[PDB]
Amino acid sequence: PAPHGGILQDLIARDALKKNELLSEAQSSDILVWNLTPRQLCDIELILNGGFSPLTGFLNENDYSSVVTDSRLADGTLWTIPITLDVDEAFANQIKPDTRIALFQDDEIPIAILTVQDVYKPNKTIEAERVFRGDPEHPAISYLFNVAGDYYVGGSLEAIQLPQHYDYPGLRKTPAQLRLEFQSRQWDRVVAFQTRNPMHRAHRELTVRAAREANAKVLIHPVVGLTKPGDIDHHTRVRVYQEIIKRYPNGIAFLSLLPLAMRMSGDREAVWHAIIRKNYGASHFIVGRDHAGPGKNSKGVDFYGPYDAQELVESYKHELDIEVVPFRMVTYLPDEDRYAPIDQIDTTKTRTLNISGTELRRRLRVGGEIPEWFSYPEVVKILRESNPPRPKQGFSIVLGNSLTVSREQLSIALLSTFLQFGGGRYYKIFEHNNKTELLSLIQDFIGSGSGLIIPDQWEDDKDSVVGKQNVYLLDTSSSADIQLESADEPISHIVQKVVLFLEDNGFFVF
Amino acid sequence: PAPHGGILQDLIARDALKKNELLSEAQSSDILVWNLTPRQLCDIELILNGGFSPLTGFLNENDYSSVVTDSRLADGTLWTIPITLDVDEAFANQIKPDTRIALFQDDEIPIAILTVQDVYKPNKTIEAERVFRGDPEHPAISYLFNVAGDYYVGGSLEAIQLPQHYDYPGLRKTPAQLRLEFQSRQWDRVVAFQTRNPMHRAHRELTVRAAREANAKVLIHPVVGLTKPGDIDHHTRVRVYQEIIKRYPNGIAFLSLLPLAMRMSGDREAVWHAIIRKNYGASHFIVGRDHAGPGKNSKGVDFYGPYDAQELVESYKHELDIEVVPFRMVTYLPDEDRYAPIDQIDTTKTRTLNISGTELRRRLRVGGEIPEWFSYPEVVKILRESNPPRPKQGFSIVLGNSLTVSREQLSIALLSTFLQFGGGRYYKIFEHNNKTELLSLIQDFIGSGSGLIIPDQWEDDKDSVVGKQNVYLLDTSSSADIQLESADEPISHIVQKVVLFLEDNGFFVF
Amino acid sequence: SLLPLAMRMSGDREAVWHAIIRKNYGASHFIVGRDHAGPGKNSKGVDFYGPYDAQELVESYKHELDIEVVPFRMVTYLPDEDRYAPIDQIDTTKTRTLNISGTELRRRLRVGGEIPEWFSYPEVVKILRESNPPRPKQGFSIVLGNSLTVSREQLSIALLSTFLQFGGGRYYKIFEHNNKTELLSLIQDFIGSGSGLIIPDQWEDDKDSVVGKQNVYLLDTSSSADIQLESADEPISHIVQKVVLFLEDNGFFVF
Ligand SMILES: Nc1ncnc2c1ncn2[C@@H]1O[C@H](COP(=O)(O)OS(=O)(=O)O)[C@@H](O)[C@H]1O
Ligand SMILES: Nc1ncnc2c1ncn2[C@@H]1O[C@H](COP(=O)(O)OS(=O)(=O)O)[C@@H](O)[C@H]1O
Ligand SMILES: Nc1ncnc2c1ncn2[C@@H]1O[C@H](COP(=O)(O)OS(=O)(=O)O)[C@@H](O)[C@H]1O
Ligand SMILES: [Ca+2]
Ligand SMILES: [Ca+2]
Ligand SMILES: [Ca+2]
Ligand SMILES: [Ca+2]
Ligand SMILES: [Ca+2]
Ligand SMILES: [Ca+2]
Ligand SMILES: [Ca+2]
Ligand SMILES: [Ca+2]
Ligand SMILES: [Mg+2]
Ligand SMILES: [Mg+2]
Ligand code: NA
Ligand code: NA
Ligand code: NA
Ligand code: NA
Ligand code: NA
Ligand code: NA
Ligand code: NA
Ligand code: NA
Ligand code: NA
Ligand code: NA
Ligand code: NA
Ligand code: NA
Ligand code: NA
Ligand code: NA
Ligand code: NA
């Protein structure tokens, strides 16, 4: 289908002959420079390659507000997610319209030249409410208030080069490249499958059903740009995708990585995803249950209805110009050993089975055995390997402040005690001295599977520098993960409590 | 048998009622304090519990020189290894005879009070030559010149408490305790087996043959104090011993950990070991091939003859007062599936098999399969788990100084590249900034199995702070582990060389 | 001992007959279980015979059969006790039973399912699977319907080349029958041999009887086509995908 807006805005192609010139300007000592934030690197790449057609830069206030309140660009073009260049007051103050800014990656690789149209201060509360539904726990809202700059810079782009990537060079196909891929294969019907999670059996069946329904080839188009916090890293997922793609009949599916930065904006994002997939050459786009939805908030309430996305996409059906293949909950049928859309069964006459993502991590963290019917063996192997069970996970024991015993001797005791257990885990007494360059290394070790014994707490002003993952506090306080009887409890006693606690949480298995 | 010298010098028992008094003196702000070095903690524990009877302190110059040149204490008592308290000039200068020094552990736990008899400066060259045979690569000689203090402090001890240990509290039996152990069991004949390596099938057979020859019960008495550099840590070995002990018939063997600090002094040490085991209650002591020997030097020549220890022990036979069970090379007999002393076979009429320690590590480092005949499965499992094969080992790539390319970009490229391989390894770009507190952490990560990408070298003055284990240098230099074509070689090229190098060395397996 | 008898599946009458035959052969006792010699149910789901008609009939001729009959009621499996037993001496709900009818049995055999260790011996199932292989090892035919407007020659080649890339030990062949019964009668032979046949044309209705309909699928725009096409001139790659996915859905292909 024709790219959204009618013209694929591949600016790399467009500006080719200005490459050298733009590059010179980008590195001229006079031009103002802004180093792109991670999400911005994702967005900038989708803008320059045509993935965000008709966009050709970051939204000015006129187009931005029109998207917030109208799900459309100022000219009426259907567009639900605002793509803006967020900066800080300090930087915002150095620019005026007509100004040319050089956009860099890692304060080293010049990506593009942005010609300023305007500099405004968005009302983040409206964007949060109208665009992401207002809930403060929503991933896009939390980003908007805690990471995003408070000033947006609307302006047009001139491409120097797409952001740099050293992993999967062959797989990050651009819209132009994907289209050629499909053509060389004479693929004129292609249903695209969005995803940010590893694909299990349900998904494989879902995608094949779609290929059959639409009479089209399958395009696995996963997001490797930025997804929901806590998601499985993309490297692991790519390994999973490349593995599961082999379960499809020969020459029916194609894999391509999408460097998109999701907002987990349920229904709006679904519309957005469809527009993006259309730009990339897809003729069909799948939209299953809770598409692009971030689940429930701490109160247990849904951020979106399980089918809001489908409803929203349905209402823009006649102007999306890409056919949507909707799916209802796809579940497992024990008694028949096969999956099927929930909308064509039940009646109690048939029993179903479903292993939610939650329950999935549990087995992964507890060494549980994931059902042969749920996912392929090769896939679980890859997953377990990236997210090992507790007995192979790292951790830290922080000797609380209330501790009255010798921190030095208690540290040694714990070290010697853990050492006798064996199991391949590496241990270390870790003195941070409140130095962030040491604090920031704590999760690195934990990530490496090592066990750390930290004799002292770090000042509260630095608590943010350390990831709380698998970090336990040994203290007399009520907020201690491992609570002590008294501040001067004898070491052997404290040691037994720490050992049994870790044993109870699966870190040790005898 | 009667402890060496006739009286078990269990000073903990002797000084019991002086415990409180000595403890008060040890913590009095006026007394001079010396914090025991690791090897000293091992020695101090063997002196205070009677393991070094008749010793009751660290050798004065008179007894020390008598041992260096006579293998005897000044009074004629047979004693081959000099046990001295080595300190530095600074400390030596603050003490005179009659002075009382407080000996601490971890500058916190008072171990004993030493009454000074003299302070002398030993001729380390003589001790090295007469006691350890002179070769500069010999472990005891390298320690003597690079770790030991240049001043010795002879003097008598008054025990406050044995050095603190939080691991294996039940297994570190003292001579008095072991003797009681044997008695409660009515064991009047016990053959002790010394060791610093994990026990394999050959050893199990060796020890059983001994039990049968001597008509005595078996005492597995391994060293957990200090052995040969590069040896398997004692925690792993203890796990191995506890595991292999189960392959003995019920109630024939006893396990006890010896906190001895070996000197790897072949024959002399053998004599010493025998004296030590006698003090501990053994009636028999095994002495196999190259007992307490450190193998060969870099030139391939033996530090000791494979049977020097046996010869030396034999010549002191009538005064050791503990029976020695000598063994010749115990090897494997394929054709008969069983081990046997080499002195009672060969003749070519029978083919043998032997997997030297060298070859042993190779399989462990290469994921090789260790023969069912060589060692028990449960044992190899424990070993592999502590010394994982290359595909699970950590490593570091240091971007050499000659590097002309962007260290920042080359770092990211390597990171992104390693990340796509998967396999449970954790990676990190590690910037040390020449800070030893960061440098000293490098081997910790490697030990944790992680892969580090270090963008810059560390000044040569700090090279000692980093263990060279699995640390590779990427440079154009000839001394580079991974040699580059030119300092400005393009990244993708450098990346391929690094990947293929690591792949060739087993770190990556596809 | 093998009995070269030609059954009539005549339930109760046949049971009487069987007993007479076994008596002639030297037996002193003859077993008569549930639905003995019965052909199950008809297309409407109704029984051809009562599950115990045979037993009743045999019982009424008891005094003149001169061979003793050992009657049995439904013998079923007892999970909780791991053992089988006549249904007439249990139930009461106090005990849970289990029964894998013959129907369900073929299903696993055709779907590669795993037959329970309690149901049959391993050595037996092995022999059965080997004689009645699962779909992924079964043969089949795709008949290019008459309504087909595309090049039958090119569509045949496409299907052949497509199936060939899957691998799995199956042998494929474009099979031209030319309405010759000597060729038609060979179709099931190949299917029986596990081979996959691509047949470019239908055979005249007057010969349809010469071919066993087993695993023979019709690719056509008609409603009676096993694999229904959108249009008679649907482009080949499209038709190929439909045929592949259909066969994949019916277990002939597994990836
Ligand atoms: N059980 C299911 N039934 C129907 N659709 C599903 C099911 N699971 C996942 N999907 C669909 O698969 C696509 C991607 O799934 P996910 O990676 O989990 O999440 S999402 O954030 O990319 O939407 C979405 O269209 C989603 O709705
Ligand atoms: N193959 C062997 N034949 C005879 N004796 C052996 C053999 N292997 C080991 N031993 C003996 O076992 C004891 C301890 O062995 P090791 O742990 O390797 O080294 S040692 O430094 O403690 O002697 C020593 O008496 C040694 O000589
Ligand atoms: N579950 C069962 N309980 C009692 N009898 C059975 C059962 N299954 C089979 N039988 C008996 O076994 C004999 C032969 O069984 P089948 O081969 O299945 O069928 S039959 O056509 O020869 O009767 C018959 O007497 C039949 O009634
Ligand atoms: Ca703000
Ligand atoms: Ca819900
Ligand atoms: Ca108290
Ligand atoms: Ca010196
Ligand atoms: Ca030799
Ligand atoms: Ca050059
Ligand atoms: Ca019935
Ligand atoms: Ca047509
Ligand atoms: Mg890129
Ligand atoms: Mg101790
Ligand atoms: Na179009
Ligand atoms: Na930089
Ligand atoms: Na359609
Ligand atoms: Na809703
Ligand atoms: Na349209
Ligand atoms: Na618990
Ligand atoms: Na201290
Ligand atoms: Na000399
Ligand atoms: Na004897
Ligand atoms: Na010699
Ligand atoms: Na004696
Ligand atoms: Na090589
Ligand atoms: Na009836
Ligand atoms: Na009769
Ligand atoms: Na179906």
# chains A, B, ... in the order shown; residues from 1 in each chain; ligands from 1
call {"tool": "interface_residues", "arguments": {"of": "chain C", "to": "chain A", "cutoff": "10 Å", "atoms": "only C-alpha atoms", "output": "number ranges by chain"}}
result
C: 113, 162-163, 165-167, 230, 237-239, 241-242, 244-246, 248-249, 253-255
call {"tool": "write_last_selection", "arguments": {"atoms": "N, CA and C atoms", "output": "JSON list (two decimals), in the first residue's frame"}}
result
[["chain", "number", "residue", "atom", "x", "y", "z"],
["C", 113, "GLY", "N", -0.08, -38.89, 18.59],
["C", 113, "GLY", "CA", -0.32, -38.77, 20.01],
["C", 113, "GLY", "C", 0.41, -39.85, 20.79],
["C", 162, "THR", "N", 7.68, -26.77, -4.25],
["C", 162, "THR", "CA", 7.40, -26.29, -2.91],
["C", 162, "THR", "C", 7.47, -27.39, -1.88],
["C", 163, "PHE", "N", 6.86, -28.54, -2.19],
["C", 163, "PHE", "CA", 6.87, -29.66, -1.25],
["C", 163, "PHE", "C", 8.29, -30.21, -1.09],
["C", 165, "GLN", "N", 11.10, -28.72, -0.91],
["C", 165, "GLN", "CA", 11.95, -27.98, 0.01],
["C", 165, "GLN", "C", 11.67, -28.24, 1.48],
["C", 166, "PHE", "N", 10.58, -28.93, 1.77],
["C", 166, "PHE", "CA", 10.23, -29.22, 3.15],
["C", 166, "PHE", "C", 11.04, -30.39, 3.72],
["C", 167, "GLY", "N", 11.30, -31.40, 2.88],
["C", 167, "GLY", "CA", 12.04, -32.56, 3.34],
["C", 167, "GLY", "C", 11.28, -33.29, 4.43],
["C", 230, "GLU", "N", -10.37, -19.07, -4.21],
["C", 230, "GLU", "CA", -11.07, -17.79, -4.30],
["C", 230, "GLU", "C", -11.69, -17.65, -5.68],
["C", 237, "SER", "N", 1.19, -18.61, -6.63],
["C", 237, "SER", "CA", 1.76, -18.48, -5.30],
["C", 237, "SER", "C", 0.66, -18.48, -4.24],
["C", 238, "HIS", "N", -0.49, -17.91, -4.59],
["C", 238, "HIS", "CA", -1.62, -17.86, -3.66],
["C", 238, "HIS", "C", -2.19, -19.25, -3.46],
["C", 239, "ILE", "N", -2.39, -19.95, -4.57],
["C", 239, "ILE", "CA", -2.92, -21.30, -4.52],
["C", 239, "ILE", "C", -1.94, -22.20, -3.76],
["C", 241, "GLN", "N", 0.17, -21.39, -1.42],
["C", 241, "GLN", "CA", 0.14, -21.14, 0.01],
["C", 241, "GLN", "C", -1.07, -21.82, 0.64],
["C", 242, "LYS", "N", -2.21, -21.76, -0.04],
["C", 242, "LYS", "CA", -3.41, -22.39, 0.49],
["C", 242, "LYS", "C", -3.24, -23.91, 0.60],
["C", 244, "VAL", "N", -0.36, -25.57, 0.85],
["C", 244, "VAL", "CA", 0.63, -25.85, 1.88],
["C", 244, "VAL", "C", 0.03, -25.74, 3.27],
["C", 245, "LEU", "N", -0.64, -24.63, 3.54],
["C", 245, "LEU", "CA", -1.20, -24.42, 4.86],
["C", 245, "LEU", "C", -2.30, -25.40, 5.21],
["C", 246, "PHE", "N", -3.01, -25.87, 4.20],
["C", 246, "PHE", "CA", -4.08, -26.85, 4.40],
["C", 246, "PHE", "C", -3.46, -28.17, 4.85],
["C", 248, "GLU", "N", -0.55, -28.50, 6.10],
["C", 248, "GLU", "CA", 0.12, -28.26, 7.36],
["C", 248, "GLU", "C", -0.92, -28.36, 8.46],
["C", 249, "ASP", "N", -2.10, -27.79, 8.22],
["C", 249, "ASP", "CA", -3.15, -27.83, 9.22],
["C", 249, "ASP", "C", -3.64, -29.26, 9.47],
["C", 253, "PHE", "N", 2.41, -31.94, 7.14],
["C", 253, "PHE", "CA", 3.68, -31.21, 7.24],
["C", 253, "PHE", "C", 3.82, -30.69, 8.65],
["C", 254, "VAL", "N", 5.04, -30.78, 9.17],
["C", 254, "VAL", "CA", 5.34, -30.29, 10.51],
["C", 254, "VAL", "C", 6.67, -29.59, 10.41],
["C", 255, "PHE", "N", 6.72, -28.36, 10.90],
["C", 255, "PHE", "CA", 7.96, -27.60, 10.84],
["C", 255, "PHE", "C", 8.47, -27.26, 12.24]]
call {"tool": "select_by_dssp", "arguments": {"residues": "range 4-213 of chain C", "states": "strand (DSSP E or B)", "output": "PyMOL selection string"}}
result
chain C and resi 29-32+41+47+68-71+75-78+83-86+98+140-144+172-174+196-199
call {"tool": "interface_residues", "arguments": {"of": "chain A", "to": "chain B", "cutoff": "9 Å", "atoms": "only C-alpha atoms", "output": "NGL selection string"}}
result
:A and (106 or 108 or 165-168 or 235-236 or 238-239 or 382 or 384-388 or 406 or 408-409 or 412-428 or 437-438 or 444-445 or 447-450 or 492)
call {"tool": "write_last_selection", "arguments": {"atoms": "C-alpha atoms", "output": "compact mmCIF listing (two decimals), in the first residue's frame"}}
result
# COMPACT_ATOMS: atom_id res chain seq x y z
CA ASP A 106 26.98 9.62 21.60
CA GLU A 108 30.26 11.85 18.29
CA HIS A 165 23.92 0.00 15.28
CA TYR A 166 26.58 -2.71 15.48
CA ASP A 167 24.22 -5.59 16.22
CA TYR A 168 22.08 -7.36 13.61
CA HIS A 235 19.09 -9.59 22.00
CA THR A 236 17.46 -12.53 23.76
CA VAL A 238 15.97 -11.77 18.53
CA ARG A 239 17.57 -15.15 19.35
CA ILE A 382 17.23 -19.40 25.32
CA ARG A 384 16.26 -19.61 30.92
CA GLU A 385 19.79 -18.83 29.73
CA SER A 386 19.08 -15.08 29.73
CA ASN A 387 16.94 -15.08 32.86
CA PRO A 388 18.45 -17.84 35.05
CA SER A 406 31.84 -6.00 63.85
CA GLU A 408 34.38 -6.66 59.26
CA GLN A 409 33.97 -9.99 61.05
CA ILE A 412 34.11 -12.47 56.59
CA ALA A 413 31.73 -14.90 58.26
CA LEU A 414 29.16 -14.52 55.50
CA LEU A 415 31.89 -14.86 52.84
CA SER A 416 33.39 -18.00 54.35
CA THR A 417 29.92 -19.40 54.86
CA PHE A 418 28.74 -18.84 51.30
CA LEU A 419 32.02 -20.18 49.93
CA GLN A 420 31.44 -23.63 51.41
CA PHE A 421 28.19 -24.08 49.52
CA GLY A 422 29.71 -24.09 46.04
CA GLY A 423 27.60 -23.92 42.91
CA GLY A 424 29.66 -21.74 40.63
CA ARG A 425 28.64 -18.44 42.24
CA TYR A 426 31.40 -15.87 42.82
CA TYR A 427 31.40 -13.93 46.09
CA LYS A 428 32.88 -10.65 47.29
CA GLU A 437 31.51 4.88 40.46
CA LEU A 438 31.45 1.88 42.78
CA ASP A 444 26.63 -5.30 37.26
CA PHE A 445 27.86 -8.01 39.62
CA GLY A 447 23.71 -9.27 36.81
CA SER A 448 26.84 -11.38 36.52
CA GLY A 449 25.36 -13.79 39.04
CA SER A 450 27.76 -12.89 41.83
CA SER A 492 26.63 -17.18 63.96
call {"tool": "residues_near_ligand", "arguments": {"ligand": "ligand 14", "cutoff": "12 Å", "atoms": "only C-alpha atoms and all ligand atoms", "output": "PyMOL selection string"}}
result
chain A and resi 1-8+275+278-279+281-284+318-323
call {"tool": "write_last_selection", "arguments": {"atoms": "N, CA, C and O atoms", "output": "CSV table (one decimal), in the first residue's frame"}}
result
chain,number,residue,atom,x,y,z
A,1,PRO,N,0.8,-1.2,0.0
A,1,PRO,CA,0.0,0.0,0.0
A,1,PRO,C,0.9,1.3,0.0
A,1,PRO,O,2.0,1.2,0.4
A,2,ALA,N,0.3,2.3,-0.5
A,2,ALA,CA,1.0,3.6,-0.5
A,2,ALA,C,1.4,4.0,0.9
A,2,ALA,O,0.6,4.0,1.8
A,3,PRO,N,2.7,4.5,1.0
A,3,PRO,CA,3.1,5.0,2.4
A,3,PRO,C,2.1,6.0,2.9
A,3,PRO,O,1.6,6.8,2.1
A,4,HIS,N,1.9,6.1,4.2
A,4,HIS,CA,0.9,7.0,4.8
A,4,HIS,C,1.3,8.5,4.3
A,4,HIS,O,2.4,8.9,4.5
A,5,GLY,N,0.3,9.1,3.7
A,5,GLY,CA,0.6,10.5,3.2
A,5,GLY,C,0.9,10.4,1.7
A,5,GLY,O,1.1,11.5,1.1
A,6,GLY,N,1.0,9.2,1.2
A,6,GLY,CA,1.3,9.1,-0.2
A,6,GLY,C,2.7,9.0,-0.7
A,6,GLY,O,3.0,8.4,-1.7
A,7,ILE,N,3.6,9.7,0.1
A,7,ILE,CA,5.0,9.7,-0.3
A,7,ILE,C,6.0,9.1,0.8
A,7,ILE,O,6.0,9.7,1.9
A,8,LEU,N,6.7,8.1,0.5
A,8,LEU,CA,7.7,7.5,1.5
A,8,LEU,C,8.7,8.6,1.7
A,8,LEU,O,9.4,9.0,0.8
A,275,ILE,N,0.0,2.3,10.9
A,275,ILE,CA,0.5,3.3,9.9
A,275,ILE,C,2.0,3.0,9.6
A,275,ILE,O,2.4,3.1,8.5
A,278,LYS,N,2.4,0.0,7.5
A,278,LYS,CA,2.0,0.3,6.1
A,278,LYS,C,3.2,1.0,5.4
A,278,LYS,O,3.5,0.6,4.3
A,279,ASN,N,3.8,1.9,6.0
A,279,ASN,CA,4.9,2.6,5.4
A,279,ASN,C,6.0,1.6,5.1
A,279,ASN,O,6.7,1.7,4.0
A,281,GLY,N,5.6,-1.4,4.0
A,281,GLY,CA,5.3,-2.3,2.9
A,281,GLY,C,4.3,-3.5,3.3
A,281,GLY,O,4.1,-4.3,2.4
A,282,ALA,N,3.7,-3.5,4.5
A,282,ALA,CA,2.8,-4.5,4.8
A,282,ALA,C,1.4,-4.2,4.2
A,282,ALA,O,1.0,-3.0,4.1
A,283,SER,N,0.7,-5.2,3.9
A,283,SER,CA,-0.7,-5.0,3.3
A,283,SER,C,-1.7,-5.4,4.4
A,283,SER,O,-2.9,-5.1,4.2
A,284,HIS,N,-1.2,-6.1,5.4
A,284,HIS,CA,-2.1,-6.5,6.5
A,284,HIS,C,-1.3,-6.3,7.9
A,284,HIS,O,-0.1,-6.5,7.9
A,318,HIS,N,-11.4,2.7,7.2
A,318,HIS,CA,-11.4,3.2,5.9
A,318,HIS,C,-10.4,4.2,5.5
A,318,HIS,O,-10.2,4.6,4.3
A,319,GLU,N,-9.6,4.7,6.4
A,319,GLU,CA,-8.5,5.6,6.0
A,319,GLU,C,-7.1,5.1,6.4
A,319,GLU,O,-6.1,5.8,6.1
A,320,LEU,N,-7.0,4.0,7.0
A,320,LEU,CA,-5.7,3.4,7.4
A,320,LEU,C,-5.1,2.9,6.1
A,320,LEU,O,-3.8,2.8,6.0
A,321,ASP,N,-5.9,2.4,5.2
A,321,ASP,CA,-5.5,1.9,3.9
A,321,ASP,C,-4.5,0.7,4.0
A,321,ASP,O,-3.7,0.5,3.1
A,322,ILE,N,-4.6,0.0,5.1
A,322,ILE,CA,-3.9,-1.2,5.4
A,322,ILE,C,-4.9,-2.1,6.1
A,322,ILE,O,-5.5,-1.6,7.1
A,323,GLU,N,-5.1,-3.3,5.6
A,323,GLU,CA,-6.1,-4.2,6.3
A,323,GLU,C,-5.6,-4.8,7.6
A,323,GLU,O,-4.5,-5.3,7.8
call {"tool": "residues_around", "arguments": {"residues": "range 73-84 of chain A", "least_positions_apart": "4", "cutoff": "6 Å", "atoms": "only C-alpha atoms", "output": "mmCIF file with C-alpha atoms, in the first residue's frame"}}
result
data_model
loop_
_atom_site.group_PDB
_atom_site.id
_atom_site.type_symbol
_atom_site.label_atom_id
_atom_site.label_comp_id
_atom_site.auth_asym_id
_atom_site.auth_seq_id
_atom_site.Cartn_x
_atom_site.Cartn_y
_atom_site.Cartn_z
ATOM 1 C CA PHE A 58 9.820 16.634 15.029
ATOM 2 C CA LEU A 59 6.321 18.063 15.495
ATOM 3 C CA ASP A 63 0.986 19.673 14.652
ATOM 4 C CA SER A 66 -3.469 18.708 16.818
ATOM 5 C CA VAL A 67 -2.253 15.176 17.539
ATOM 6 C CA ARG A 268 -3.537 4.865 19.969
ATOM 7 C CA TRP A 272 0.260 4.221 15.012
#
call {"tool": "closest_residue", "arguments": {"among": "C:20, C:144, C:191, C:78", "to": "residue 203 in chain C", "atoms": "only C-alpha atoms"}}
result
C:144
call {"tool": "select_by_dssp", "arguments": {"residues": "range 307-486 of chain A", "states": "alpha helix (DSSP H)", "output": "PyMOL selection string"}}
result
chain A and resi 308-315+317-320+357-366+377-386+407-419+436-439+442-447
call {"tool": "residues_around", "arguments": {"residues": "range 115-121 of chain C", "least_positions_apart": "3", "cutoff": "12 Å", "atoms": "only C-alpha atoms", "output": "JSON, numbers by chain"}}
result
{"C": [75, 76, 77, 78, 79, 80, 81, 82, 83, 84, 98, 99, 100, 101, 102, 104, 105, 106, 107, 108, 109, 110, 111, 112, 124, 125, 126, 127, 128, 129]}
call {"tool": "residues_around", "arguments": {"residues": "range 171-175 of chain B", "least_positions_apart": "6", "cutoff": "8 Å", "atoms": "only C-alpha atoms", "output": "list in words"}}
result
residues 49, 50, 51, 255, 256, 257, 258, 259, 279, 280 and 281 of chain B
call {"tool": "write_last_selection", "arguments": {"atoms": "N, CA and C atoms", "output": "compact mmCIF listing (two decimals), in the first residue's frame"}}
result
# COMPACT_ATOMS: atom_id res chain seq x y z
N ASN B 49 47.54 -25.23 69.18
CA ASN B 49 46.76 -26.43 69.45
C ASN B 49 47.59 -27.70 69.65
N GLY B 50 48.91 -27.57 69.59
CA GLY B 50 49.76 -28.73 69.78
C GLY B 50 50.17 -29.44 68.50
N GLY B 51 49.65 -28.99 67.36
CA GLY B 51 50.01 -29.61 66.10
C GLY B 51 51.49 -29.54 65.76
N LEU B 255 37.05 -37.86 58.28
CA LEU B 255 37.55 -36.67 57.61
C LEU B 255 37.83 -35.57 58.62
N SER B 256 39.00 -34.94 58.50
CA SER B 256 39.36 -33.84 59.36
C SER B 256 40.21 -32.86 58.57
N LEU B 257 39.86 -31.58 58.66
CA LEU B 257 40.58 -30.52 57.96
C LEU B 257 41.79 -30.01 58.75
N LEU B 258 42.93 -29.94 58.08
CA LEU B 258 44.17 -29.47 58.70
C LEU B 258 44.49 -28.05 58.20
N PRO B 259 44.46 -27.06 59.10
CA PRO B 259 44.75 -25.67 58.74
C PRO B 259 46.24 -25.40 58.64
N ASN B 279 51.46 -35.94 66.01
CA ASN B 279 50.89 -35.10 67.07
C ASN B 279 49.36 -35.21 67.05
N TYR B 280 48.78 -35.31 65.86
CA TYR B 280 47.32 -35.39 65.71
C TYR B 280 46.69 -36.74 66.03
N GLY B 281 47.49 -37.73 66.42
CA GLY B 281 46.92 -39.03 66.77
C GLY B 281 47.04 -40.18 65.78
call {"tool": "residues_around", "arguments": {"residues": "residue 9 in chain A", "least_positions_apart": "4", "cutoff": "8 Å", "atoms": "only C-alpha atoms", "output": "number ranges by chain"}}
result
A: 14, 47-56
call {"tool": "residues_near_ligand", "arguments": {"ligand": "ligand 5", "cutoff": "12 Å", "atoms": "only C-alpha atoms and all ligand atoms", "output": "JSON, numbers by chain"}}
result
{"A": [289, 290, 293, 294, 295, 296, 297, 299, 300, 301, 302, 303, 304, 305, 306, 307, 308, 329]}
call {"tool": "residues_near_ligand", "arguments": {"ligand": "ligand 1", "cutoff": "6 Å", "atoms": "only C-alpha atoms and all ligand atoms", "output": "ChimeraX atom specification"}}
result
/A:194-197,286-293,327-331
call {"tool": "residues_near_ligand", "arguments": {"ligand": "ligand 3", "cutoff": "6 Å", "atoms": "only C-alpha atoms and all ligand atoms", "output": "tab-separated table (two decimals) with C-alpha atoms, in the first residue's frame"}}
result
chain	number	residue	atom	x	y	z
C	31	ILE	CA	-15.50	-65.72	25.94
C	32	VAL	CA	-18.30	-63.31	25.02
C	33	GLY	CA	-17.65	-59.74	26.09
C	34	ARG	CA	-19.36	-56.42	25.32
C	35	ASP	CA	-20.77	-55.89	21.83
C	36	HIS	CA	-19.28	-59.21	20.72
C	37	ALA	CA	-19.01	-59.31	16.92
C	38	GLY	CA	-20.84	-55.98	16.82
C	72	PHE	CA	-17.83	-60.42	30.47
C	73	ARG	CA	-19.22	-56.95	31.02
C	74	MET	CA	-17.33	-53.82	29.99
C	75	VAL	CA	-13.75	-54.24	31.22
C	76	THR	CA	-12.36	-50.83	32.11
call {"tool": "atom_distance", "arguments": {"atom1": "CA of residue 486 in chain B", "atom2": "CA of residue 24 in chain A"}}
result
26.8 Å
call {"tool": "atom_distance", "arguments": {"atom1": "CA of residue 45 in chain A", "atom2": "CA of residue 12 in chain A"}}
result
9.9 Å
